[PDB]
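Written out below as structure tokens is the structure these notes cover.
Labels below follow one simple rule: chain letters A, B, ... track the order of the sequence lines, proteins then strands, and each chain is numbered from 1.
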There are 2 protein chains.
Amino acid sequence: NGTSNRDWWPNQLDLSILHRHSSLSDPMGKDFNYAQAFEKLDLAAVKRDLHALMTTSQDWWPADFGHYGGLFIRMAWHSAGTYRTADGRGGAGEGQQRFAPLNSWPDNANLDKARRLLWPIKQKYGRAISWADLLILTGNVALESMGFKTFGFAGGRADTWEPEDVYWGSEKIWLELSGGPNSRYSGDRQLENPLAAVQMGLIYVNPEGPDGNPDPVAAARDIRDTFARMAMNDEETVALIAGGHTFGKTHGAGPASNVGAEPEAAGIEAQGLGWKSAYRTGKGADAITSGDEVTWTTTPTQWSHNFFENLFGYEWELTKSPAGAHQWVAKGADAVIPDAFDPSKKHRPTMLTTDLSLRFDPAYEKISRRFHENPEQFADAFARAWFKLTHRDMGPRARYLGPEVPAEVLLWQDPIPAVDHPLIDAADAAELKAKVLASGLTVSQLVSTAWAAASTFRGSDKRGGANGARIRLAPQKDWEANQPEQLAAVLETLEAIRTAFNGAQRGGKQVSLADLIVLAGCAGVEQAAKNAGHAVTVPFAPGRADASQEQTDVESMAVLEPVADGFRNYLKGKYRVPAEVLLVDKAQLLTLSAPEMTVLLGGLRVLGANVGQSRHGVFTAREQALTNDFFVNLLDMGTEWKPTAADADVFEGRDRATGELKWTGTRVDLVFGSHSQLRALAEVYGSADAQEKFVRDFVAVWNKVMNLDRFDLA
Amino acid sequence: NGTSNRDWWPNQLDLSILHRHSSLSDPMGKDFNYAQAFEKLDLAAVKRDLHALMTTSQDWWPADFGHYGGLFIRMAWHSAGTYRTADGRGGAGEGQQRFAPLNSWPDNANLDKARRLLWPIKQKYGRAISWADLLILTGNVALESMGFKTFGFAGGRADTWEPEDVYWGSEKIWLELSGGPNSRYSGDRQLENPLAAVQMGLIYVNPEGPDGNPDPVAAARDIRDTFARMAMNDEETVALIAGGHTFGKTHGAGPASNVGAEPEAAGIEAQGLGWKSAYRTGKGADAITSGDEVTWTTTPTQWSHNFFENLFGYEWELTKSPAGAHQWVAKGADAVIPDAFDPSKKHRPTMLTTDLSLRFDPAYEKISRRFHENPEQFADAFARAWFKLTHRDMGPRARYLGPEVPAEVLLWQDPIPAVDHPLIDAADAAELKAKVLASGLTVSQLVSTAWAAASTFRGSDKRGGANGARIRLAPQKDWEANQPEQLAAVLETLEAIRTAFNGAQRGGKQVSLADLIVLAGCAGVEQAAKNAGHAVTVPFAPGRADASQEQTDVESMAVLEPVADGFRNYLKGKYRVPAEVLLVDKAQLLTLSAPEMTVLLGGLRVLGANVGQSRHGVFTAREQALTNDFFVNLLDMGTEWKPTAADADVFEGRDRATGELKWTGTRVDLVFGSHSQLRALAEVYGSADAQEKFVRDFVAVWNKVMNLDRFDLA
Ligand code: HEM
Ligand code: HEM
Ligand SMILES: [Cl-]
Ligand SMILES: [Cl-]
Ligand code: NA
Ligand code: NA
């Protein structure tokens, strides 16, 4: 097999994750805009076709109970269910279930069949509906078909054309149980961040119980922890699990050894499908997906209150499925559950270990009893939590498309108030920038503050950014990386400038504090250019609004805290992963290419954006002037670098002839002089003909960051 | 470490090689044109800087004999020396020595020092001179400075910003001796295609002899074989080796275990340098590079004919360097060779085993004696060989920039005559297209002929393409893929149309056969569109010229024969590599992305472009009509695919319900319905809204292919 750079240097840094998703891999034109296509779709027509499909059984994967609805609910719920709150990565929003590795994860077994049943609709409507939107809409139509009224639905998830680079864990074996050489668990069952599943290739938890031990109480612990890591609390979790398991069935009709290769390993003749089974007919009555053989309710194709009636109305006995999996059966019950294919056959109620957790964990039991006693509350909670599940990674409501978008504003959507007044224009922005610069705020304060406000954005789930002025709220105002005391001084001076500008206006014109933060950042960048002898205008677009503290969930904001921000040379503690790996990870969440990451970091260093005014990487003698000094001095072969005695992650730069100390830096600084691709970029900006390019490229990337969350202007 | 798709499915096909070189990874703006920048460089000022640098020693890597010339000649010969004729990949043309893996190959040890000595000049001239051109120019200036007249120099190698994907071999250990589990040799020392070096991480051969065995005669076999695979014959090989080894020295002052990590494995503080040595001062007189310790001539900083005077004026004794390497010393000679740092110390003549090859291989010996006796013949040969070496991957002479380009047209350049007459205009091209269609030639003939002419292009060394009409000449006219009897019938009809059009003109206007083949291909694609109910114009740009047989080296053209062309569903024999891997390899040589590859193949299928009118992949009932039928039929779940009995690489597609035979295909056809990323592309073009998109994208990629070699219009 051809040996690659990854084989020879398996811990060198990987920049290809910044250049994924180029116009090269994209079949659509560079002008294609999915939102526009979707806004012309006849959504009602698509939903009529999806309703028809529900009961149009295909012989190559016959519909249980004559209705694919359960299968499609699972499909939708797995699409959404890869989401991790720690980085925003996963979720339904890019349709990644159709690409490796998720198309071939064990927990996604036979979802390949679900997707292929949808090809005719996809084909008929073409680019006007993405796969990503289709997987979610199909889940919704399955619910409606079976009698459950959904809370609504938004389109606008554009398709992607290759796999996302996501850390799913370090195990080398599918479904490996914990405590191995790459265990994702340590200590008292502590799941490593950013992971949100208990075994490699599962969505959340193991349905037999933790590492296969069928203890519902301990399974509950894993459920609570994973679902929390997917942004779901106890009420939402119980509602989702019981709601989902109101429908359909599991599949475990014989031994697992009968099941063949997952899709990415199957032969070319399988045409993109996998898990071909040698057990009896391989499908339908003989299907094997998970190994469990459980049908939860007496009407699997219809919404009912039967899941909690069974859960609490029987006592449960441990038993084994025909594949050998642990599962539970109702003591003394009659055979009341219908068979999926034989009208003469009925079954006793059965449950997964993880279903019983809803009854035997003390906190879930109280919610489950309440939903049992008050089924209208169960229905409303499940509808809401299904909407959250399937929309949690879509970002601000400004991105939601179509006629079924719920009007209700939810807290998890980090809502921004509407703007209801005239915005400031170019003359006003010049006047405000002059006031900011006359107040005595420094280039370093102005740039650091705007950076702090805007760089919480992540492209993974489209959360964060400067819109909202949440930097002035709990918890962002207290984050160590934001320099709380310095921040508090900047915000007070800005709030006074604001108050005075707004008080002098006629009409209703006013400026938001969100805009003014970003504008003042722009004024600092202009001033820094002036300090370097360059006349530069930084673009600015108004229209941000200020969100209140009550519109800002403090516990949900915690995951946006930067614990590593190489752009401010900050690391909150010691991590296993080297700090340059962390930098490229942050660049990816910010949507930056390598050239953009390089320009941006070089500029920020010389503008004074480091936390604590650390001199590390400040390779200039004219701090607060916008120059390419970082690059020119980094690349100077006059200087020799060595790790310090005290700290092997800090390096001193000394004159090679005299021995004299010139600089210090971190790993994030020096990686630009080390990595052969980054140093090629640094060379371009460190050349003699590059000062104007460096300024212009810096302003462009600064502006890009300031507008990351500006979906009102998209 | 993070487990990746490559880990789980290490034999899946890798599309990412088609999406390198995106505007994402490029720090220059999308409008930057290197040739425009280079054309304004003051090349004489760069050469005067380089000339000064040759004798300006830096203490971190002191210059042997006070002169860096030998070091820089070796740098330039290794930049160029990775070139393989089999695929055109490697060579100096993209400056790849500064990226992985080449930057860290053992045979490139201490060239990192060379390149860092050139940073200050790079920095001074910035974007107007690429690293790629500078590596070469430096070698030239080193030669000039030491009294050798070069044949010339062309600029125009644009820099690249990431590593090329290249197969360098399958070994997992650097320098692994042959016969291991991934041996690049089989049979009677047969080096596998497309390799051109004897061990992983070597440029050509092992300087101690084959797998370390110090036998000059057997070493000569490895020399001849590898240089041939780099397009150099015996005369050129002797001239290059003896020419190079007229200068400088090797470095092996102590044991190799003193040498540390190569650059890609070194610490971040090494700032992109590697091979730090613990032996005495680690550099200058104590340097260790190869392990050998040989100084070939009595004036290592001056051109001379002393290499052959020594080679033939002494007898040679096998000896060991201070690092333990085999090398050879002159029996009973005086100490006449100067020491590199101590003017009081002198040495006996020494040689590598591979130097002695030039005397003890009987064919090389006759050339080496001729060069010994006639050193002006040696100087001319070396100059010409050095130009060829350092230009062989640059492409057509229309790409050569600057004031030192040699006027002599060389046969290896596959030269195209100048055009000295008015070109046809749009009205003429319309008239010719109508004439071609009225002659009775079919869509299938016209498309297959144009495809065959244009698709010889490879972007690795920019050889091939339709310019020259070499399709009408030996050897192309007889290549099996080109269907020689059908080809000859087409070309005769086209040549009569040409003769009649050119006979009717006034005023010098005429059309070349090269242009008319391309134009006729365009007429075929228009008619196929017409046949599908679509009026399109395919662009066409005239200006191709016809090359003669005498301007066509037949042996050199052999490497351009397509032995696997998935775009014509063609495989000349059985290869170890699956046919789909070969398809992606061809797409990369054609410079296509994955969407361009997918569109083009789908279209070609339904236009009748398959070799031999094979029905494999012809998934249409309206052959010669430009439609998206390939995709619609491939993606139809009504059809079930199975490998045939006779041949496991050919599949039958049968109706799932009736069993009726609908189609047959190869691996190349069915990969588009298997691989998860290619199927996502196929889905776009197989959608109900895609007919217009399909046509337009097909026309665009067709025209791209037709113009691949049109650097006269760049
Ligand atoms: C602790 C969380 C959960 C666990 C451990 C889990 C486990 C499973 C398993 C093992 C199956 C059987 C797969 C098969 O063999 O075909 C399955 C089926 C299913 N699950 Fe879940 N589940 C979880 C949560 C959810 C959620 C949140 C939903 C939706 C809101 C959901 C909806 C479904 C449905 C509809 C099916 C049936 C599919 C069919 O009829 O083909 N489950 N579940
Ligand atoms: C059979 C082909 C070749 C072999 C095996 C060979 C081998 C080597 C070796 C082992 C070294 C010493 C590396 C070190 O210790 O510093 C070297 C040096 C060098 N080679 Fe070659 N070589 C070959 C062909 C070439 C050619 C084609 C050229 C250029 C036309 C060239 C130019 C040089 C020069 C100039 C040096 C001296 C470097 C210095 O002064 O630092 N060689 N060769
Ligand atoms: Cl993702
Ligand atoms: Cl290459
Ligand atoms: Na996400
Ligand atoms: Na090449």
Side-chain angles (χ1 to χ4, degrees), chain B residues 70 73-74 77 80-81 143 146-151 198 203-210 213-250 290 292 294-300 302-319 326-333 336-337 348-390:
Chain B
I73 291 166
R74 162 184 176 244
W77 142 244
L143 288 160
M146 295 181 297
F148 181 78
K149 201 170 87 271
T150 60
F151 193 76
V198 306
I203 299 294
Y204 301 121
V205 303
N206 178 321
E208 290 185 81
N213 174 208
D215 175 353
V217 172
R221 284 174 255 124
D222 273 10
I223 297 178
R224 177 166 294 104
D225 181 14
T226 51
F227 273 65
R229 287 175 184 238
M230 305 206 165
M232 291 300 184
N233 75 20
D234 282 10
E235 195 181 275
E236 286 161 334
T237 300
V238 173
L240 287 161
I241 294 171
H245 296 174
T246 299
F247 311 95
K249 68 185 296 290
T250 80
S290 60
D292 293 291
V294 169
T295 307
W296 302 273
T297 69
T298 61
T299 54
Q302 316 178 61
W303 173 246
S304 77
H305 47 98
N306 188 236
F307 173 95
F308 288 125
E309 290 178 307
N310 296 334
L311 184 62
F312 282 119
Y314 299 102
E315 308 297 312
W316 299 97
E317 178 163 355
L318 184 63
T319 187
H326 302 295
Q327 69 184 41
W328 299 77
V329 63
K331 288 185 194 283
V336 296
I337 304 283
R348 280 176 295 150
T350 52
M351 297 271 172
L352 305 168
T353 298
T354 50
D355 298 319
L356 298 188
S357 300
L358 305 194
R359 173 169 171 191
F360 294 110
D361 167 277
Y364 292 147
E365 191 269 358
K366 285 183 196 69
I367 297 165
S368 294
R369 288 232 163 239
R370 174 171 61 87
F371 290 167
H372 177 51
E373 299 303 11
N374 296 286
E376 78 280 40
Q377 288 184 37
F378 172 37
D380 185 61
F382 181 39
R384 286 173 179 271
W386 181 264
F387 181 70
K388 182 177 178 186
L389 166 74
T390 50

Would you give the length of the straight line joining atom [atom1] of [X] to atom [atom2] of [Y], rounded to the nearest 0.5 angstrom?
X        : Y        : atom1 : atom2 : result
B/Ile367 : B/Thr237 : CD1   : OG1   : 8.5 Å
B/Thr246 : B/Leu143 : OG1   : CG    : 9.5 Å
B/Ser357 : B/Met351 : OG    : CE    : 11.5 Å
B/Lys249 : B/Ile337 : NZ    : CD1   : 12.0 Å
B/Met232 : B/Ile241 : CE    : CD1   : 11.0 Å
B/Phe378 : B/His305 : CZ    : NE2   : 10.0 Å

What are the two closest non-hydrogen atoms of [X] and [Y], and how far apart are they?
X        : Y        : answer
B/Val205 : B/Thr354 : CG2-CG2, 3.7 Å
B/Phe247 : B/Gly70  : CB-CA, 4.4 Å
B/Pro214 : B/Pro216 : O-CD, 3.6 Å
B/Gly209 : B/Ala219 : CA-CB, 4.2 Å
B/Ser304 : B/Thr299 : CB-OG1, 4.0 Å

Requested in this report: Mark yes when over 12 heavy atoms from residues, nucleotides or ligands other than B/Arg348 sit less than 6.0 Å from its CZ; otherwise mark no.
Outcome: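 Count not over threshold, so no.
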
Ignoring hydrogens and geometry, is there a side-chain-to-backbone donor-acceptor pair from [X] to [Y] under 3.5 Å?
X        : Y        : result
B/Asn374 : B/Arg370 : yes
B/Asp361 : B/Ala363 : yes
B/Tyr364 : B/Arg224 : yes
B/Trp316 : B/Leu311 : yes
B/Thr350 : B/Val329 : no
B/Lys149 : B/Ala383 : no
B/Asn306 : B/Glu309 : no

Below 4.5 Å, heavy atoms only, C-beta onward: do [X] and [Y] meet side chain to side chain?
X        : Y        : result
B/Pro210 : B/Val198 : no
B/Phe227 : B/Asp234 : no
B/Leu352 : B/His245 : yes

Query - side chain to side chain contact (heavy atoms under 4.5 Å, CB included) partner of B/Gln327, the single match among B/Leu356, B/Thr353, B/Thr319 - result: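 Filter result, single survivor: B/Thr319.
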
Query raised in the report: Considering the options B/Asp292, B/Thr250, B/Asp355, which one meets the side chain to side chain contact (heavy atoms under 4.5 Å, CB included) requirement together with B/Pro207?
Result: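 Among B/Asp292, B/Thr250, B/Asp355, the one meeting side chain to side chain contact (heavy atoms under 4.5 Å, CB included) with B/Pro207 is B/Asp292.
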
Report task. May I ask you to check whether B/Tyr314 and B/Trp328 place their ring centres under 6.0 Å from each other? Result ->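 No; B/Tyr314 has its ring centre 6.0 Å or more from that of B/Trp328.
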
**Report entry** Check: B/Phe148 ring centroid to B/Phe382 ring centroid under 6.0 Å
**Finding:**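 Judged by ring-centre distance (under 6.0 Å), B/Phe148 and B/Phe382 do meet the cut-off.
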
Query raised in the report: Side chains of B/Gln377 and B/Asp380: donor-acceptor distance under 3.5 Å anywhere?
Result: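 B/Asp380 and B/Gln377 do not have a side-chain donor-acceptor pair below 3.5 Å.
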
Query raised in the report: What orientation do B/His372 and B/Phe308 show, parallel under 30°, tilted 30 to 60°, or perpendicular over 60°?
Result: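 B/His372 and B/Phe308: perpendicular rings.
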
Query raised in the report: Do B/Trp386 and B/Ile73 pass the side-chain contact (heavy atoms from CB on, under 4.5 Å) test, and can you show the C-alpha distance, the side-chain angles, and the key distance before you say yes or no?
Result: CA-CA 10 Å; B/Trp386 181 264; B/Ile73 291 166; 4.0 Å; yes

Requested in this report: In plain terms, say whether B/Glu235 and B/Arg384 are close enough for a salt bridge, that is, a side-chain N and a carboxylate O under 4.0 Å apart.
Outcome: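 Salt bridge flag = no for B/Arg384 with B/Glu235.
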
